[PDB]
Each structure stands twice: as C-alpha cells, then as structure tokens.
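Pasting the sequence and an experimental structure:
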Amino acid sequence: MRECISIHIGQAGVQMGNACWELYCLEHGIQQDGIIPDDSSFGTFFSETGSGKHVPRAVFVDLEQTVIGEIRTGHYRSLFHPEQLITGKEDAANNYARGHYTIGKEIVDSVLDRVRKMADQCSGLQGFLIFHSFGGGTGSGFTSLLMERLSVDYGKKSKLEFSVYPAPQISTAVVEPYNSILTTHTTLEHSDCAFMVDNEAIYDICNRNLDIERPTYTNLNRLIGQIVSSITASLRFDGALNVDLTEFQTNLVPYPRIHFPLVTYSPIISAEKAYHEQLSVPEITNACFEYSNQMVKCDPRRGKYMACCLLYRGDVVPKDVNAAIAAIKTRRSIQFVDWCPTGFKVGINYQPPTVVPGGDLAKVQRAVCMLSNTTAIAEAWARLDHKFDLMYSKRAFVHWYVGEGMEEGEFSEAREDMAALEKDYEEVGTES
Amino acid sequence: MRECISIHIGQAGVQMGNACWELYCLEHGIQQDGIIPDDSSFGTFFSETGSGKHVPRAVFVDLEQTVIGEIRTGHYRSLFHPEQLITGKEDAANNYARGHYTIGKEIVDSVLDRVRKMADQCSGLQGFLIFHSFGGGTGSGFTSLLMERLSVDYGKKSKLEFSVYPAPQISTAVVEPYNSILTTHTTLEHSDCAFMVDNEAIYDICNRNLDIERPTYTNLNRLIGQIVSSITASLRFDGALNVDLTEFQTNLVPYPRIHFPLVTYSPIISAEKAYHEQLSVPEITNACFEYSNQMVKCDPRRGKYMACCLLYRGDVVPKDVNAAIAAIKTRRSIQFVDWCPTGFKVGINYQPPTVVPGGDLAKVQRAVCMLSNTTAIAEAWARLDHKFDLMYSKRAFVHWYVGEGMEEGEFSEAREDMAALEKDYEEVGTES
Amino acid sequence: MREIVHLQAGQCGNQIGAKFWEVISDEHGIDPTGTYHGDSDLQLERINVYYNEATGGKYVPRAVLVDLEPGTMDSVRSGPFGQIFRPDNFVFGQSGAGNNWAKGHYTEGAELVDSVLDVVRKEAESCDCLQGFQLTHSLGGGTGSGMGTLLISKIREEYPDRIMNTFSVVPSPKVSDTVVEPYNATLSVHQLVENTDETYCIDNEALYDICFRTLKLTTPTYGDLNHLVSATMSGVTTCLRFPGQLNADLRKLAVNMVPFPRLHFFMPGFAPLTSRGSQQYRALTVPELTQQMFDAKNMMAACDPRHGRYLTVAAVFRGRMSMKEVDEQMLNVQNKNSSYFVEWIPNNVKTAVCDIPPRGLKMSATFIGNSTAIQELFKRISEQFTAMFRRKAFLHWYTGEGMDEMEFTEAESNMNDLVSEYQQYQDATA
Amino acid sequence: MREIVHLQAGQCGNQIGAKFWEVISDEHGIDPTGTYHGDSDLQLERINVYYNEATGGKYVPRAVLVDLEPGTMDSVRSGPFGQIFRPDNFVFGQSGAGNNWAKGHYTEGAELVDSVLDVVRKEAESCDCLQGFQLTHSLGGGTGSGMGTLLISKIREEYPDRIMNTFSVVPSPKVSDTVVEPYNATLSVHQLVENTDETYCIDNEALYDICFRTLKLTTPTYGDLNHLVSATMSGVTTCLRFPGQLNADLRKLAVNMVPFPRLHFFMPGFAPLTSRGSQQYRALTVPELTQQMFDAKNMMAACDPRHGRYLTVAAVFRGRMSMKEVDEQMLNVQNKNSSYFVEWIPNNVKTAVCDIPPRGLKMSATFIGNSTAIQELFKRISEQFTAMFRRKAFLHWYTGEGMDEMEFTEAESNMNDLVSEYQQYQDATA
Ligand SMILES: Nc1nc2c(ncn2[C@@H]2O[C@H](COP(=O)(O)OP(=O)(O)OP(=O)(O)O)[C@@H](O)[C@H]2O)c(=O)[nH]1
Ligand SMILES: Nc1nc2c(ncn2[C@@H]2O[C@H](COP(=O)(O)OP(=O)(O)OP(=O)(O)O)[C@@H](O)[C@H]2O)c(=O)[nH]1
Ligand SMILES: Nc1nc2c(ncn2[C@@H]2O[C@H](COP(=O)(O)OP(=O)(O)O)[C@@H](O)[C@H]2O)c(=O)[nH]1
Ligand SMILES: Nc1nc2c(ncn2[C@@H]2O[C@H](COP(=O)(O)OP(=O)(O)O)[C@@H](O)[C@H]2O)c(=O)[nH]1
Ligand SMILES: [Mg+2]
Ligand SMILES: [Mg+2]
C-alpha cells in the first residue's frame, strides 16, 4: 500500500507523536536503534535505506526547543533523521498571532522544504496526518499556516488531523477560547476531517475503565496511539474489506463544514480485569455507543449520529460484525439522522493490537474503533463560542494579539464564522 | 436450559448470596478460583470465557461498603467480575426513604447498567432472582427501585424474589413495621411471587432438627441455599418432569396480589442423627405439612392451602410421589380451599443435594422442597399492620422519613393498601 | 469511607480524648509514634476511619483538641501518647474560662472558635465520605459548655446533614465539683436540644459506683473512669472499623434510638465489668452478659431506669457470638420486664454484632438506652436552677460577659418543656 | 536558547540576588568556584540559561549588580559565594542614595546608569536568543526605586519586545523601615506601570507571617525571607531549564496573567512550607499542596485575596506529578470559591508541570495570582502620599535634586487611575 506522511506540531503533537512511533516500531518489530532485526507493510510509514536502518516518514516542528530536545536525546535519537526534528528559538506563548503571523512564518518555509523533499521521494502519497492542539500558539497558529500552505502545493490530497479539542470544564490555559476558535475559522476550509479528542474524557475513561488512579500524558498518549494505529492498520496489514485513507472523508463528511467525527475505542480493560471478561464482538461493538466511552466529553444521546466508520481489528468474524451493527440500528435510544439511512462503514484487518512493554491496557485478541460524526458536538462549539463571547465582550486580552500583527476584525470574523457553523449543524439535525 | 440472573441487595442479600454461590460451585465442581478442573448445566448461572474461568451471572449491590468488601477480599475474590460487586459510600440507615428516594437513586442507574450488559449477553433470559430483606434501608428501599426499574425495561419477564420477612416476635431493629410495609406496597404490583422466610422459624428448626445449639447467619444462609438450589435445579440438571422458572407463578399465584408462598424444606437432619432414619419418600413428604417445619413461623392449620409446588430431588420414584401426595389430600387436618381441587405441582430432578464441606446437614440421598401458598400468612400481615398502627398513631418516627424526601401520605397509603390485602386474603379463604 | 472526625473540648474532654486514642491505637496496633505494628489485616482495612496517613507509615489521628488555656493540652502533648497528634490540631488560648458559660460562649470562645473551624475543615475535606462529627466535653464547666455548645452550633450550620454525636459529662445528682453547674448545664441543654443528633449523658457519681461495686479498685478516679468511657464510645463506632454479621452505624442507632427530634439523650452501659480476682469465678456466655446491661448497677448515668420506661434500646455486641443467643435473650428481656417498655412502640431493642472483640476480651457489648427516667435529671437541674435564679445568685458574672437574664428564662422554659415531653410518654396506649 | 539576564539593584536587590544564585547553583550542582560537579545531565543541557562559560568549566552567571555605594556589594564580593560573579559586573558608585527617589533617578543614578548598560549589552549580545530581563529591587528605598526605575525604563527603550519581569519589595501595610516610603513608592509605581511587563509584589510583613505561623522559626529575618523569595522566583523560570510535560515561559504567564497592560501586579505564593519537626505529620500529595496556595495564610503579599476577586491565576508545579490530580484539584478550587473569581473570564487557572523538583524536595508549586484585592495596597499608599503631600512634608529634599512637585501630582493622579481600574472589575457580567 502507498505512503502516508505524519506532521506533528506543537508540544502536544511532538509528545503525542513519540507515543505513536513507539507502537509502529513494535507492530513491525523495528528496534529503537532504527535497525530491523536480522515486510512490505512498513513501507507506508518507514522509508528504506541502503543499510538496515529504516527512517520514519514524519516531520516534527515546535517553536520551543525544549520539547523536541527530549526526543533528540532520548532512546529514539537514532530513529529520526536529524533534519526532520525542526525546532525554533522561542515559544509562541499560547498566542495565535505569534504562531501564525510573526514567528510562525519565520520557520514555516523550513518545514515545507522537508515536507516536499519527503513528499517527492514517494511514487504515490495518500495524504498527511497532522497532530496539534487548539489550546496552544504553535499547535493552533503554526498549524493554520501549514494547512494553508499544504492546501496549495499539495491540493486535492488527503489531510487528516487528530486534534486536542479544548475540554468542557478543565483547562490548562486561560486564552483557549480565543486561540481555539481562531484556528477553527482558518482550518474549516483547509482540512478533510478532524478527529477531536478531549483530555477530560480520556482521563475519565482511564480512571473509570483502565482502573489506574494517577494517569499522566505519557499514559494518555499511548491510548491515543491505539486509535491512530487502528485507523492506519488498513494501510499496512492485509485483511478483508480494507479501508483506505481517503475513504474516511467520503463516509464521515456529508458537508464540507461538518467534518468533526469524535473518536471512540474499545476495549479499554486492564490486564487483571480482562481475565473476568469474554470480549465478544457485540460486547466491544456496543461499548462504543454509550456516552461513558468517548474521547470527546460529549453525550451522543443529546444529538444524532449522521455517519459512522467502524474499523475492526484482530481475529474478527464479519458475520458477527454484521449482526452486531444491525442490532444498534434498531434501538430507540440510538438515533440516526433522517436523511442518512445508510450510516455505517465497516473495516477489518487481520492484525491484533500490540501491547507496549510495561503498558497498562491488556493484550486484547480483538478491538474496534469508531469515528462517528454526531450533531451533539455542536454543543461543544456553542459552549466555546459562549466562553469566547464573555471575554471579547469586554476586550480582555486582544492587546496581546493586536501587537503581534493581527487585525482587530479577525476576532469578529472568527465568531461570526463559528456562529454559522452552529446554524449549519442545527439544520442538518432536522428533516426537510 | 436458558439463563437466570441473580440480584443480591442489602446486607442480607449479599451475605445470603455468598452462601448460594458456594453451593453452585460445588454442584458443578467449580474451583473457588473460578477455573473448572481439567457441563451444559452451568451455562444457566455461569458465563463462559476464552479461558477456563467461568463468571457468575449475578450482581451484588449494597449502599454500605463494609459487607461487599468481605467478599472482595475473601477466597471468592477471583470468582466475581470486579464490576459486578457494586458498593456505595454510606449506609441507608434502616431508612426506607434513603434507600428509595435520596441515596438509592444515586446508584440505581449503575446497577441497571450492569444488569443490561449482563442481560443483553444471553440469547434467552428466564428472569431475575432477587434476594433482599424487608427490615433494612437498602434491602427495602433500594429493592423497590429495582423492582420498578426492572418492570419497565424488562417487563413480561419473571422476577422471583426470596425475602427475609420480619419475624413475629424477635426483631433486630425498631423500624421494621414502617420499612417492611412500605416495600410491600410498592413490590405488590412489580413482582411475580415472593418466597418469604423468617429467621425465627429457621432458628427454631436449626435447634429443633439440626440439633446444634448455637447457630449463626453463616449457618442459616447455607440452609437457605438449599431451597434456592432445589428450586433452580430443574434449570441445570436433567430429570423427569422438569419445572421451569416461569411455571411457579402460574401454579402458586391464583390472583396478582396473593403471591406469598412460604418456603418449606425436608429433610433437615444431622449427620449422626440420620443413621437412625430411613428417609422414605412419604416420610420427607409428610414432614412438610406440619407447622414445626416451616421457614416462616406461621401455622398452616390456622389457614387453608390454595397452591403447592413440590420440587423433589435425587433418586425419586414418582410412583411413591403420587401415592404420598394422594394421602395428604385425604386428611381432615390438611385443608385446601374449596375452589382449587387441583392443588399440587410436582417436579423431579436426578441430582441429589450436595453437602458443603464442613456443613452441618447430612448427605441425603433424596430431598423435597415445598412452596405452598396459604391464607394463614394473612395473620402475619395483620400483625405487621398492627405494629405499624401502634407507632404511626402517635407519629413516632416519621420525621426521619419526611426529612428524606418522603411525603407524609405515603404511610397512610401504605397501610390502606395492606388493609385491602387483608380483605383480599379473607375473601379467598371462603367459598362463594 | 464513612470517616469520623473527633472533637474534644474542655479539661474533661481532652483527658477523655487522650484515653480515647490510647484505646483505638491499641485496637489497630498503632505504635505511639504512629507506626503500624498490628497482626491482623482488618486493622488497616478501616484504619482510615480515624487515622489519616503520611508517607513512611505515620498514621495521623484527626482529632481536634481545643481549650481556652494551655494547661491541660500541654500535659497531653508531653504525655507519652502526645507525639501522635498533628501539632497543628492543638488549638490553645491564653485566658481560660472561669467556669462561666458566657465567657466561653460570647466573649472568649467567640475569639477562638474561628480558628478551630479552620482546622475542622481541613480534616473535613481530607475525607472522601465524612459520616459525622464526634464531640466530648462537660456541661458543668465553662469551656466544655460555652465553646463546646458554640462549636457544635457552628458545625451544625455548615454540616446540617452529617451526624454529630456527643459523649458529655452531666452534673452529678448530689455531689458537685462546681458551684455554677445549674447555670452552665441549663444553658448547655437548651443549646444541644436543637443541634445534637444524639447525646450520651454520663456522670461521675454513677461511674464511681462501678469502680467499687462491680469492680474492686478504690485507688483511681480519673485514670480509669475515662477508660470505661473510652471503651464505651469505641464500641459504638466498631461497626465502621471491623466486619460484622449485622453492621451498625451512627445513623442506624439515631433512627432506632431517636423517636422524636427533642428526645435524643441516652445513657450508656458497658459489659463485662469484672474484677481481675473474681473474673475466673464467672462465665463469659451471652446470657449473663445481657443480664447486667438492664440493671441500674451497670448504668453510667445517675438515673435509674426502673423509675421510668424505655423508649428505644440498642445493643452492639462484639466478638464471635451466636446470633440466636444474641436474639433469644432480648426477647426474654422484653417479656420479663414488660412494664419497663412503652407499649406504643412494639419493639424497643436494636442489635448489632461485630466479629472482632475489644482488646483483651473475646466478648463485649455496649448498651445505649433511651429512657424517660432521664427526665428526673433535667427536672433536678431545673429545681436547682430556679432556686439560685430566684434570687439572682450569680447572674452578675454572666450578665457582665455579654449576656441577658432573658436567656436564662428561655433556657429554663425550654428545659421545662423537655421534662414535660418525656412525662407524656409514661402513659400506656389509649 | 531563551537566555535570561539578571539585574539586581539596591541593598535589598543584591541580598535577594545573592541568595538567588546560591539556590540556582545548588540546582545545577555548580560549585561556588564555578566548577560543575552535578550528577544529572539535564543540569548542563540548559545551564546556559543563567550561566555563561569559560574554558576549564568555569561557569559565569550573567548577573548585573548595581548599587550607589560599595557597602552592600563588598559584602557580596567577600561572601563565600562572591567568587563566582564576573568582577566586571559589579557596578559600584561612591555616594549612595539617601532614600530620596530624585537623587537615585535624576542626579546620581543618571551619572551611573550609562555604565550599567555597557555591562548589560555585553551580556545581551553574548546570548543567542535573549528572552527577557529580570530585575530585583525595593520600591521604598532610593537606589532600588530611583535607579531601578531609571534602568528599567532604559532597557525598555532598547529592548521593547523582550520580556522584563520584576520581583519587587513593596512597603508593608502598617510597619515601615523608612519615612519617605509613600513618596518613593508612589513615584516608582507611576514609572513601572508603563515599562514592566509583570511585577511580583511582595512585602516583609506578609512574609514574616510565614516564618512563625506556618513555619516555627523565630530567629532569622533576612537570611531566610530572601530564601523563600529565591525559591519562588526560581520556580517561575524552571520550565526554561528542565524538561516538563507542559512547559511554561515568562511570556506564557504574562499572556495568561495580564488581561490589560496596566494590570500586571501579581502576588506570589509558594508551597510546601512545613517546619522540620511537623513535616513528618503531613502528606506530600497534590491535593493538600494545592489547598494552601489559595489561602491568605500562604500569600507573600499583605493583601488578602478574600476581599477581592481573582482575574487570572497561574500554577507552576514541579516533580513527578499526576497531571490528572494537577487538573482535578483546580476545577475543584474554582467551583468551591466561585465568588473569588470574576465571571467575565471563563477560566482563571494556568497550569505548568516540570519533571525535576527543587533541591531537597519531590514536589513543589509556585502560585502567581492577579487579584483586584491588590488595589487596597495602592489605595493605602495614596492615602499616605496625599496626607504627607497635603502639607509638603518632605518635598524640599526631592525638589532640590532636580524635580518638580508637578511630577508628584502626576504620580498621584496616575496611581489613582490604577486603583479605579482595578475597582471596575469587581462587578459581575451585565
Ligand atoms: N493528550 C495530550 N495533550 C497534551 C499533551 N501535551 C500538551 N497537551 C495539550 O496541549 C494543550 C495546550 O497546547 P500546548 O500543546 O501545550 O501548547 P503548544 O502547542 O506547544 O503551543 P505553545 O503555547 O506556543 O507552546 C493543553 O491544554 C494540553 O491539554 C500531551 O502530551 N498529550
Ligand atoms: N437469613 C439472613 N438474614 C440476615 C442476614 N443478615 C441480615 N439479615 C436480616 O436483615 C434484617 C435487617 O436488614 P439488613 O439486611 O440487616 O439491612 P440492609 O438491607 O443492609 O439495609 P441497611 O439498614 O441500609 O444496612 C435483619 O433483621 C436480619 O434478620 C443473613 O446473613 N442471613
Ligand atoms: N470523666 C472525667 N471527667 C472530668 C475529668 N476532668 C474533669 N471532669 C469533669 O469536668 C467538670 C469540669 O469541667 P472543666 O473541663 O474543668 O471546665 P472547663 O474546661 O473550664 O470548661 C467536672 O465536673 C468534672 O467532673 C476527667 O479526667 N474525666
Ligand atoms: N527581603 C529583603 N528586603 C530587604 C533586605 N534589605 C532591605 N530590604 C528592604 O529594602 C528596603 C530598603 O531599601 P534599600 O535597598 O536599603 O534602599 P536603597 O538601596 O538606598 O535603594 C526596606 O524597606 C527593606 O524592607 C533583605 O535583605 N531582604
Ligand atoms: Mg510549546
Ligand atoms: Mg446495610
């Protein structure tokens, strides 16, 4: 199968990316030194070399030298090509303007140079994977630059993105409403579909299901690796009814703006706890249609589903998949939209998930991941617009952004654009 | 045969349930670790797994963490799925209002989640077994919640319950009249038939027949396990004239409200004492029609039988069963109601009762259990209504219940409902 | 899980508190330094009910020790067992109360009370489920009554729902270690009836009787009476710390033992109480254990139950005990003494059994009784209060500390109604 | 990479500076001679943030020490830790300021200021990315206010974009070590509001309270208060020196903690602050650590946050800490104290975690709070300023050193507007 590029932006992207590439090395049995022990699958994410040392086909960018420096000196130092790890001199300071107008453009061209040199060295290219955070300067301002630049030079190629959408209540910053909304305004027209995830939801699942009281980002990012691994498994491992990268956008994006399918995964069970469970196909399948198992803390029952992609993994009997999916279609609580009778997309690969050494989650013989697109997510956008309106009403933090070469009206346009997004979701939630 | 779920509520239910599941493991030869030694019967009460460790199909709920914690750390810790053992943070304080209105509803939804996930994983489901106590807050207030909830989501499915009806004279609490009557008002319309048992009666039998002077709840609950095992034996072991779970309600419930068949068992003989006995079929059969062998301290001779189910066990010659039952029908002291000429229901299974290691009762080759429904039980209800009227006449304890979100009129309605129950029993005791 | 926070006020409270933790630390095998050395795992399973934890095994008992003068607390701190308490918990003043209720309630307790809540709240938010508060004081004194009633009133406002039980020393019927006991006691009762869920009225005179009558030990007064009290209160909270066949709880006893809100003053009792030399001449079976609970010989209150009638009764047994014997004897007691129990309550006995016995014994039981005979005590206090107040015996000390004589009339009128209410429940049904 | 250059002026600044480098040198394992002897490699990875380098391993901390009289600096030079500073950095005069702002700002600081920039620029061009400047002084004095405000104004002109944070001692609410503190303080504030990006207002009186109240150590005043201050400022700059899960920065806090340009005066706090003897009676878990940050007991400013409302809050945790607990507790704090936070800002807490803890601890956190309660402080200074100025109390000393009374009116009018602005943000939304 053909290659796919991964672009990791900001502290969230870089830190999350390291978790992902630990899994890939384990799936293909690649040593952390880069040298495979003494096949055709890894070509999609790994580039060959005359020696036995394969090179990951990813690029890391961060305006702050601190985060990447840990990778550059860690046990994966020899895995990455030294020029891929791009580092700036000063952080964006949780400022959208800095990472998008003043300092973001100083290093944007350097990143493109490595993307082009890496994109040109593949006969075919499915698209780009992009990891970033709405609640940062680099992960929100610099990302918007790449989305725009990657839309012109490589237009009409897939651009999938996993994003850390701001949590409903918890918050590790103060300017999340301003920064998060601004990037959504610019990334709406320059993206295919965004796989939102909330740290609040992942923390809740970790304490609720994984049964560990004291998690950390090093733990959550490993869970986030699973959804990426299952999503991209079809591009590496053989299996009946493989799902390509470009198939997600067609199935999960009815309209250009409505491209926010929240992520879900199953089963998340601790090693000891799993011995008391059966893990049948319906069990894992029905575990993804409850508001207690979501990576974004939104209640699906509040809204309506309008598209769902199921990417089954491991030793799966598709007959059971057909039966399990049929049952979910005939439950009153589960509610799909009126104008989408055909609201599922199945995918199976014969490769059970791998367990990172010392990992928390168990060695499941079978797993499933869902990418449902639900109008209940409009609640999150409305809440974010509400928080944004509270601050900008008094003009409480704009002086930081205006001084960074950002026009005043951008905030006005940003909210108005999100206002239309709310109405667009509302109309889709009804029937004509 | 098809599955049946067990729901254990309150300290009585949890403590009684542990006694039951000790018997089941012994009957099927299941190790306490959960792993069967190195067949189709256990599927009704045990769920299979990829490994050899079967999981009991039961749920334990208790608002006080203390009782279940003993199970969670006992020798049966590995037998139960960790999520089945549901525990609250504070006890209901022998208050019907707390376990039904304020704190009961905080954890009721959690129990349903495990009931649904366990009820959905069975192709067929006979019904639910429910163990509780009238004289508690959790066992009376929280139970009523489940009976109501289990009546809607799973209506038209069997709901059998074994209950610790308040004893006539002995009492381990002061508010038994208020609490016991309240649940009866709510559980009358949301139950099939309740197998009442009194600790006073069981203590009397234990000292009278088992010939041990110093019993304890750990001993009585083992006796209560026998009636459950014999009742459900037809669903596990092969035998002529098997009796299904739903057959009890049809035979023993002439009218919707008259569904209180008191339990009886035979033979209860000590190991040493049994060597001097023959244990013929009529002997055990005639031992169940005397007021000295009952689990509820009520005299059948005071009232009249109106339905009886006999569940014989072990190597039984049904011809002797037919002859023994016929004799009981032609004794003046034994008195059935006029309008029920056909007042018996036989059941036989080829599986002799098993002896718990270190148990008191002997290894009987044959046994019998009766579920007679008698109008003499109206005496117990009248006594309970008498005790209730003494207290509520002066309004002696309502302030505890009113402060727990309970309207005053509930006591008035509760007694009036029980008053009609007395008249309903009275009419059935005569002939038109 | 069901955390209890302990409050001790006044000289009597701290000393009772001090011997209250020497007993619990013995049950859980906790060294005076705070290091666990027990043998049974059940001790740790519920050690969080009283003791917090600090890395290295140091277990910190969340008691809050408050007094208006450093005297008594300095003794506790210098005590052998004083190294366990968190130094931040000791709340000490600099001008103790001179046994006048007003000073410890209006002018001096008011200045120090705000500091105590700052220490309760920290112990309150450090508990995942806080069940209720515990308080030990003396009505006769000034600090155990003034600030004790002031503090119990405050914790009622913030934690109305939580339980709050009080083990309180009551003035003796005939002997008195203070002259103003009626004034102080009368004001204290008027202030507890509205705030405290359950009160355990005890008095030295009755508790003295146990020392020489059923035991044979004349030398000690305060080193041992407090130890009998400590064992009693430990029995009440045992169900929250060890497994039991029929587990009880502070809320379970309140519901069973409190028919009406204003009738919550009980009188405890403990058994077995045998002398070391006569112990070998006695059986330790359940029947005999239960006989002495209902006799005025083993009642830690000055009021004899015979003169009145029981309203509600609770027993909390301990150890490996046959529940049949635990229940047959109570039915026996009710029938033998049918005149001692009110008819309008069909059943008056509440039972609870814990598997683990108290240290140094294999069987025990704590009696808690709500009897109308306790009205004699308040009746007596009112007789003394009205006599002194009839001529303004000492009102000038109390008025001069921010108080009014109208409050005394309210305290006397409210007390008179409590006596009247208990009297209504002497008549039989109809 | 993100270099910081340290400025210390006045007697207070140098002494705080002096104990500021004894702490950092301990974190990086730097011997007083400038020779590295640390154990962990992370110390060297960012040692260039504060320390330059000279062949042979000699690490030169780029601090610039300026004072108008050699007295204090000679002590630092003769100090045990004085061998580390580059002799060329000490900028010493020969006629110190007599606590009059005009002399240290117009007639005497003017003559010496040009020399200091010649030393800043060398430390400025020796850094590949200079993040921002750091300044430590005292408003009350003459050198920490006169020249400190003169120098901070100059470095603003050349480096407008660079960050410039100030740890400044503020006059105490009731005690005063100088008579002209209102004049000096009032002029200093009027001069910082326009130049300084973020200021950390601290006062001895509040910091004294920590010594005896939460700690139990009465002997020291200046040898230890400076050490608490040094630990606080070290926490703020930790993210630029060690790896962290959520790395922070001087610019990140400014954006989060500075809604409007003229509202940048915070008030720091540090934890844990336990006495050596009571430390073993306390848990070191995240929840308790976070509780004491928001109580006026552990605030290094004289202003109590309760009287006002928080606008923005920043926490910088350290050590191996569970980020879930780091985040659940803050949500808990916001809801419990919803009246303490302004509604027109949906979220008021900023978090940052560093993996490496401070020397001698496994957990720590530095609180930075922007509260409108700080307006009380300026309001108080204005009350004192207007009273003295109403009769020309000391203006003759200030006028005679090249100054005009019109400047005092401007300083009073500008100060009055700062107080008014903070007052506008007490009302709720709509
Ligand atoms: N899941 C996950 N989220 C992270 C991780 N690290 C940071 N985040 C999220 O990132 C959000 C803020 O954006 P950051 O990534 O920290 O900031 P940035 O992208 O580096 O941009 P700057 O502010 O210029 O540093 C926080 O709210 C975190 O929730 C991580 O390792 N895993
Ligand atoms: N047969 C039997 N009965 C029991 C057992 N444990 C408790 N009971 C009965 O339960 C009755 C009181 O109800 P409980 O179960 O104790 O109280 P609860 O259901 O836990 O409700 P709470 O008051 O909130 O704790 C007592 O009168 C006992 O007779 C037991 O192990 N076996
Ligand atoms: N049981 C017991 N009672 C005590 C003890 N010390 C004092 N008391 C009682 O407490 C009363 C005196 O109260 P006190 O604490 O001295 O007054 P206060 O501290 O000023 O409020 C006396 O009536 C004593 O009977 C003791 O060690 N044990
Ligand atoms: N924290 C701290 N403050 C100090 C120290 N020395 C002086 N101060 C404060 O600084 C003020 C005096 O300022 P000073 O430096 O003497 O004036 P100047 O040097 O002439 O500008 C006083 O209000 C002191 O509170 C110290 O060692 N530590
Ligand atoms: Mg960053
Ligand atoms: Mg219970």
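Looks like it came in fine. Numbering: from 1, shown residues only, chains lettered A, B, ... in the order given. Ligands and ions are numbered 1, 2, ... in the order given.

Kindly list the main-chain dihedrals of the closest residue in space to residue A:192 that isn't next to it in sequence?
Setting aside the residues directly before and after it, residue A:192 is nearest to residue A:249 in space (CB to CB, 6 or more residues apart in numbering or on different chains), at 4.2 Å. C-beta here means a position set from N, CA and C on the backbone, and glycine is covered the same way. For residue A:249, the backbone dihedrals are phi -60, psi -40 (criterion: degrees, to the nearest 10).

how close does residue A:249 sit to chain D?
As for residue A:249, its distance to chain D is 32 Å (criterion: CB to the nearest CB, to the nearest Å).

List the contacts of the residue of the stretch 301-432 of chain A found nearest chain C.
When distances are taken as CB to the nearest CB, the stretch 301-432 of chain A approaches chain C most closely through residue A:360, which lies 23.6 Å from it. Residues in contact with residue A:360 (CB atoms under 8 Å, 6 or more residues apart in numbering or on different chains) are A:210, A:212, A:219, A:222, A:270, A:271.

what separates the closest residue to residue C:304 other than its chain neighbours from ligand 2, distance-wise?
The shortest distance from residue C:304 to any residue other than its chain neighbours is 4.3 Å, reached at residue C:296 (CB to CB, 6+ apart). Using CB to the nearest ligand atom, to the nearest Å, we find residue C:296 at a distance of 29 Å from ligand 2.

Touching, residue A:21 and residue A:55? I think so.
No: contact between residue A:21 and residue A:55 fails when scored by CB atoms under 8 Å: they sit 11.3 Å apart.

Can you pick out the residue with more neighbours from the two?
residue A:21 (23 against 15; other CB atoms under 10 Å in any protein chain shown).

how near is the residue lying closest to that one once chain neighbours are set aside to ligand 2?
Distances taken as CB to CB, 6+ apart place residue A:56 nearest to residue A:21, at 5.8 Å, with adjacent residues excluded. Plainly put, residue A:56 is 59 Å away from ligand 2 if you go by CB to the nearest ligand atom.

Repeat that for residue C:24.
When distances are taken as CB to the nearest ligand atom, residue C:24 and ligand 2 turn out to be 24 Å apart.

check contacts around the residue in the stretch 151-300 of chain C that ligand 1 sits nearest to.
Nearest to ligand 1 in the stretch 151-300 of chain C, going by CB to the nearest ligand atom, is residue C:158, at a distance of 34.8 Å. Residues in contact with residue C:158 (CB under 8 Å, 6+ apart) are residue C:117.

Near chain B, which residues of chain A are found?
Of all the residues in chain A, those in contact range of chain B (CB under 8 Å from any CB of the partner chain) are A:273, A:275, A:276, A:277, A:278, A:279, A:280, A:282, A:283, A:286, A:365.

likewise the stretch 251-400 of chain C?
C:251-252, C:254-261, C:312, C:322-325, C:327-328, C:330-331, C:343-351.

Can you flag the buried ones in these?
When neighbours are counted using 16 or more other CB atoms under 10 Å in any protein chain shown, these contain these buried positions: C:251-252, C:254-259, C:312, C:322-325, C:327-328, C:330-331, C:344-351.

and these, which of them are in strands?
By the criterion of DSSP state E, membership of these in strands covers C:312, C:349, C:350, C:351.

max-length strand in chain A?
Among the segments of chain A that qualify as a strand by DSSP E, the longest is strand A:125-133.

what packs against it?
Identification of packing neighbours for strand A:125-133 by 3 or more CB pairs under 8 Å, 6 or more residues apart in numbering or on different chains; DSSP states H and E yields strand A:3-9, helix A:10-27, helix A:143-152, strand A:158-164.

who does that strand pair up with?
Taking DSSP bridges as the criterion, strand A:125-133 pairs within the sheet with strand A:3-9 (parallel), strand A:158-164 (parallel).

Please identify which helix or strand holds the residue of the stretch 151-300 of chain A found nearest chain C.
Evaluated by CB to the nearest CB, the stretch 151-300 of chain A has residue A:213 as its residue closest to chain C, separated by 12.2 Å. When elements are defined using DSSP states H and E, residue A:213 is found to belong to no helix and no strand.
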